[PDB]
Amino acid sequence: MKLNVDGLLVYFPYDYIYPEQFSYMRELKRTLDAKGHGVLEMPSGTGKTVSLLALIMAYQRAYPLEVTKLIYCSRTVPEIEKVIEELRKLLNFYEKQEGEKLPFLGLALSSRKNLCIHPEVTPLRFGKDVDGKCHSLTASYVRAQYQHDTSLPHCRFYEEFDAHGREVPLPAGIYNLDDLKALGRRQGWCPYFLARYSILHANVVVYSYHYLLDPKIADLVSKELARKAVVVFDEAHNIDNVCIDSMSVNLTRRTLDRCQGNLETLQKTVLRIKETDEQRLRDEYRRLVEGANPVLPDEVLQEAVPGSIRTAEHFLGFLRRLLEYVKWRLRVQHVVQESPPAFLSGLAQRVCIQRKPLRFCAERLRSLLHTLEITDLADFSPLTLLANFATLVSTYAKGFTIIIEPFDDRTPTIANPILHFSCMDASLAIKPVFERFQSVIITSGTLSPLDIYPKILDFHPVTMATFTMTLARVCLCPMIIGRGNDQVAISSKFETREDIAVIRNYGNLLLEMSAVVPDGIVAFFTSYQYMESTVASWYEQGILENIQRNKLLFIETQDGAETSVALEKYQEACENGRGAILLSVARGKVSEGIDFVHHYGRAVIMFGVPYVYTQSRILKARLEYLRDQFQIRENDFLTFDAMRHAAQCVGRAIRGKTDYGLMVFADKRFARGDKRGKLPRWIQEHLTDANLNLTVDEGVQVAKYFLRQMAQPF
Amino acid sequence: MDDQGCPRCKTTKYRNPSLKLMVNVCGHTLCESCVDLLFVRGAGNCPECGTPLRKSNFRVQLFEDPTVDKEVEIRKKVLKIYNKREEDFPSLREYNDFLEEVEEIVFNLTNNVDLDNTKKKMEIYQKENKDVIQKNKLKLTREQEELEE
Amino acid sequence: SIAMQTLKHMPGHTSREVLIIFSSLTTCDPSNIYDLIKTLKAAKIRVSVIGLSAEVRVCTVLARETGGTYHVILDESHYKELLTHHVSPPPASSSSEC
Ligand code: SF4
Ligand SMILES: [Zn+2]
Ligand SMILES: [Zn+2]
């Protein structure tokens, strides 16, 4: 299926493409032709990737010099795995059409914890443990000690790779994460490092954002080699939140206590080192005079000199001073305090800690900590986090803020205060990506209106188009129910949350909806507490019991272990005729991680507009700052924070293969024009005024009729 | 306030945390309810150590680590010396080099005898007091006032 | 299972069939029904559900895996059409033997 695109001729594996795909490809080519960063939205969870992937490959062949390589990032490793399958299928189709192999390479990176071949690290599953363990095995001292070939466990896979992988690069091919593990075992090399080296010569590389956003690890693999590369983020509508998480560092009393305990070991280790090995390890000072990874981006990072901290004893006391200030600064009991620039000034004045020596604190820690030949960095990890916080605060505070919470939420009195350093604007951390790469395409699904994103992220978009899915059949039939059988407003307002009648309407709607909806249904609430209150209220009445009779009911909890088991059972219920009703929270990691397909989550039910609690002070600095800078109204962003979040948790049912499904939002607020406009175009255009505010009884009847139409074949 | 209590009278801290640590040349935890215990007898003598104090050697501090008290207090006095700004030296190395000795002096003063440091500090006094100490000392208020606003 | 027991002993030449008129989408069964499907295919018993007001998932695999056809009632008039269609003998497939 070779497509004669306006720009050029493009191959395509599947037989047919819907009109939206034509609009998608042409718009994508326009941005590529303009060589300018831009954003676009595509409804389908699947189908965009092949269209997105295919167009880039064709563009590469036509203008190989224009684009060095493609960097396609996905939210989660389970999700990114599905992408390589799409790419692998495409290459075979293209290879068959060409009839011979071509110099094209595609590989996916992942954390050493996910993929590794050393038996010792296999049983452990914690991410830090593998990094700490792997560092020890690959430590230069072990490498230097490995040369001596002394009796000591040495990890051969890295050693064999160095002798072999360095000389010969892999010719070409597509290697999945699971597949790439096999290759390492056979060749006695790292599936991780082998992929790491291949980034120098690789047409397509795919990894999650935290491999490309956090300056600590993104910078090393995202070096200037890809000066002009097509970096693409997929379903990255929650990019600001992840972009912010790359900068925010949380300091807690228990973490602080562990830092002091770890620091005590550091001093003890230094004393042992001096008596055992001093001259050889003292050589680090000489190079230091000349002049865990730094959190400072490319231009912000500085390497002039370490500063006044030139020796282990001097540096260790510096951490003691800074740690004490944080310890005391945190212990203060008072209202939440914000002090982005003043904290640095207060830190300098109170304890005599100049910012410039504090700038290199984290950078000096990595070098100094290396000299100690520590067993692993997992034990001392809490100290590094503070060190990263130590350097970050001294680096910049123009678009940042330190938030101190002597009292935690949900607890009238708790002796575990937490100090927050939450960012406020995502443009700061993502600036290098836009600046370094010639063009970035933020392809997303369920994207709330694009106009806000350039305001949030400082970039000049080239194209701003919304693509509406078009099919011979109406796969999706969304509706909004605001009026109950009592013709009573059903908005899930904070003041209206406690109303029993509104809660009664939600239960009755679910009972009737569960009666007609076939097996597989998911209901999303606005918060765990609100979900529990509604669940308890239904439990007291007979509504909850009847729902149990009609269909099985499953609920979500904060603990991941219970969530996985409950969802695992939920899938089986959908396969069988029992059905299931999975109650969950919109912010729940399950909602974002999970994907619903045919006969899974058939009817997505949204109980109340998803709004975060208006008391979390972290959002305020993030929120009120956006009003001051970029000029976004608090309500506008607050509502935008809901429609994007609501659209995220309701756009799953249309994953792919044209599997029917109806999305019902049990809240009259969605009927408001402002909510409808911010809703994604593809969902909104299907929505009509006739079904905009159907009553609970009225909404059920149309749902029954719509399912009948989709039941019959094409 | 998170400390269990005074080494001798560990009762007031449990009742209330209002008491604050008092710094001394002993670099040595003390509490207000226990400060009065020192004034009645000795009048400036550490209970266990017996370190003499000129006039009670008492100043309010809120750092539970005794070493930090001496290190911070010593650093305050040292900052009065070697306060010349970095730009005064064009040499790249000389920027932070002198700070290294400053840090060495602080650590040298904390534990080792200060006689060498005091003798050394006298040598710097004869030279720095003329121009740099007076100039930077006056400019401290100017920069601080501008920085505060 | 009840149909299987009586149809298990039926002659091989005759084409056993089942037409489940499913009304309530739920299916509470003592044992997992997917296992029973394996038996049906070996027993070559054709099961062609006619669902009502619901496109039940489990019967979807039941019809296609077992060889039968799945349908949902569009309305009463369409209901007459469906059953009358099943009146005619179904074509014999490869698994079918004469
Ligand atoms: S060096 Fe390679 S094989 Fe050894 S622990 Fe690290 S990732 Fe695993
Ligand atoms: Zn006392
Ligand atoms: Zn004492």
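For neighbour counting, all protein chains shown are included, and Cβ atoms are generated from backbone atoms with ideal geometry for every residue, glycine included. Read the figures in this text as sums done on the coordinates, not as results from a lab.
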Under 17 Å between alpha carbons, and skipping anything fewer than 8 positions from residue B:70 in its own chain: which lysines qualify?
B:20, B:80
Ranked from fewest to most other Cβ atoms within 10 Å of their own Cβ, A:464, A:643 fall in the order A:464, A:643
Residues with amide H under 5 Å from that of residue A:231, placed H, sequence gap 5 or more:
A:71, A:439, A:441
Long-range amide H partners of residue A:490 with built H, under 5 Å
A:668
Here the residues of region A:57-72 lying in the modelled label zone of residue A:22, meaning backbone nitrogen under 11 Å from a point 7 Å along Cα-to-Cβ, are none
With label points set 7 Å from each Cα along the Cα-to-Cβ direction at residue A:571 and residue B:100, the distance between them in nm comes to 6.0 nm
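If I take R0 = 30 Å and measure r between the Cβ atoms of residue B:16 and residue B:149 in this structure, what FRET efficiency does the formula 1/(1 + (r/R0)^6) give, to the nearest 0.05? List each step's numbers first, then the result.
Working: r = 37 Å, r/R0 = 1.24.
It comes out at approximately 0.20.
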Contour minus Cα-Cα distance for residue A:334 and residue A:689 (0.36 nm per residue)
122.7 nm
With label points set 7 Å from each Cα along the Cα-to-Cβ direction at residue A:532 and residue A:342, the distance between them in nm comes to 3.6 nm
For region A:459-500, rounded, prolate or oblate, judged on the Cα gyration tensor with a ≥ b ≥ c (square roots of eigenvalues), a/c < 1.5 rounded, else prolate if a/b > b/c?
oblate
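Can you tell me the length gained on complete extension of the stretch residue A:143 to residue A:81, counting 0.36 nm per residue apart and subtracting the Cα distance? If you can, show how the numbers build up before the last one.
Values: separation 62, 0.36 × 62 = 22.32 nm, distance 3.31 nm.
In short, 19.0 nm is gained.
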The exposure ranking of A:111, C:77, A:394, C:96, fewest beta-carbon neighbours within 10 Å first, is C:77, C:96, A:111, A:394
Specify which residue in the list A:99, A:130, A:77 is farthest towards the positive end of the charge dipole of region A:61-137, using unit charges on the beta carbon of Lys, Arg (+1) and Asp, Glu (-1), about the Cα centre.
A:130
Could you check the spin-label model distance between residue A:616 and residue A:33? Points 7 Å from the Cα along Cα→Cβ, value in nm.
4.4 nm
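What percentage of all Cα-Cα pairs in region A:1-140 are separated by more than 26 Å? Spell out each step's value before the answer.
On the way: 3652 of 9730 pairs.
Here the tail beyond 26 Å accounts for 38 percent of pairs.
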What FRET efficiency comes out for the pair residue B:36/residue B:67, r = Cβ-Cβ distance, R0 = 35 Å, nearest 0.05?
0.85
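All other residues with a Cβ under 9 Å from the Cβ of residue A:591 taken together, and with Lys, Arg as +1 and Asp, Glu as -1, what is their net charge?
Values: positive: A:587, A:589, A:652; negative: A:556, A:592.
Here the charged neighbours net out to +1.
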How big is region B:29-128 along each principal axis, measuring the range of its Cα positions in Å and listing the largest first?
56, 27, 19
Helix B:66-79 axis, angle to chain B major axis (alpha carbon atoms, nearest 10°):
30 degrees
At 1.567 mPa s and 4 °C, Stokes D of region A:328-382 from Kirkwood alpha-carbon radius, µm² per second
93 µm²/s
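Within region A:430-528, list the chymotrypsin sites (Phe, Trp or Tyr not before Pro) lying in a DSSP loop whose Cβ has at most 13 other Cβ atoms in a 10 Å radius. Before the final figure, lay out the partial values.
On the way: sites: A:434, A:437, A:459, A:467, A:494, A:506, A:524, A:525, A:528; in loops: A:437, A:459, A:467, A:494.
When the chymotrypsin sites (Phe, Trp or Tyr not before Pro) of region A:430-528 are filtered for loop state and at most 13 Cβ neighbours within 10 Å, A:494 remain.
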What is the sum of charges around residue A:40, taking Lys and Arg as +1, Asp and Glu as -1, for the other residues whose C-beta is under 15 Å from the C-beta of residue A:40?
-2
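Determine the percent antiparallel among the DSSP beta bridges restricted to the protein assembly as shown, to the nearest 5. Before the final figure, lay out the partial values.
On the way: 15 of 66 bridges.
Bridges in the protein assembly as shown are about 25 percent antiparallel.
Projected area of region A:362-436, taken from the Cα convex hull and averaged over every viewing direction, in nm²?
On the way: hull surface 30.9 nm².
If you wrap the Cα atoms of region A:362-436 in a convex hull and average its projections, you get 7.7 nm².
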Region A:249-283 and region A:536-576 have their Cα centres apart by a whole-number Å value of 49 Å
Rounded to the nearest Å, what's the spacing between the alpha carbon centres of region C:28-98 and region A:78-109? Just the number, please.
39 Å
FRET efficiency (residue A:408, residue A:539; Cβ distance; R0 45 Å; to 0.05) is 0.95
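Which length gain, in nm to one decimal place, applies between residue A:472 and residue A:638 when the Cα-Cα distance is subtracted from 0.36 nm times their residue separation?
Working it through step by step, the gained length comes to 56.1 nm.
Tell me the net charge near residue C:27. Cut-off is 9 Å between Cβ atoms, residue C:27 excluded, with +1 for each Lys or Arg and -1 for each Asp or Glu.
Details: positive: A:578; negative: A:519, C:29.
Summing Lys and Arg as +1 and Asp and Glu as -1 gives -1.
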Convex hull volume per residue for chain A, taking Cα atoms only, in Å³:
175 Å³
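Please rank B:22, A:1, fewest neighbouring Cβ atoms within 10 Å first, as an exposure proxy. Present the calculation step by step, with values, prior to reporting the outcome.
Values: B:22 20, A:1 13.
By the 10 Å Cβ count, ascending, the order reads A:1, B:22.
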Scoring region A:8-97 by relative contact order with C-alpha pairs under 8 Å, at least six apart, yields a percentage of 41 percent
The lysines whose Cα lies under 16 Å from the Cα of residue B:76, excluding any fewer than 8 residues away in the same chain, are B:84, B:121, B:137
Just to check I understand the Karplus step: with θ = phi - 60° and J = 6.51 cos²θ - 1.76 cosθ + 1.60, what whole-Hz values come out for region A:588-599, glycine and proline as x?
x, 4, 5, 4, 6, x, 6, 10, 9, 10, 2, 6
